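Numbering (PDB author numbering), first residue to last: 29 to 111.
Just so you know, even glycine gets a beta-carbon here, dropped at the ideal spot from N, CA and C.
Here is the structure we will look at, set down as structure tokens.
Structural data, given as structure tokens:
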């Protein structure tokens, strides 16, 4: 009962120096995807752009990402791992 899963990952390069955020997987209508990325770029600090299902977001706020995601009631895939 959802049809759509958003997953936010953070490919950092160390402790603190430069982190990136890639948003992809949102299985939803194409026009709907543009509305999602447009909402995050509305009040997140830096207008992020989209790229054929690939929205680039510069910021390590994965925590806030899981929140806005639970706002729609869809599923999420908080990525992670120990390295």
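- Per DSSP, the beta-bridge partners of residue 38 are 49.
- Measuring C-alpha to C-alpha distances from residue 110 to each of 29, 42 and 61 identifies 42 as the nearest.
- Bridge pairing for residue 77: 84 [DSSP].
- Going by C-alpha positions, residue 98 is about 29 Å away from residue 45.
- If you look at residue 111, you'll find it isn't in any alpha helix (DSSP H); DSSP assigns it neither H nor E.
- Per DSSP, the beta bridge partners of residue 104 are 34.
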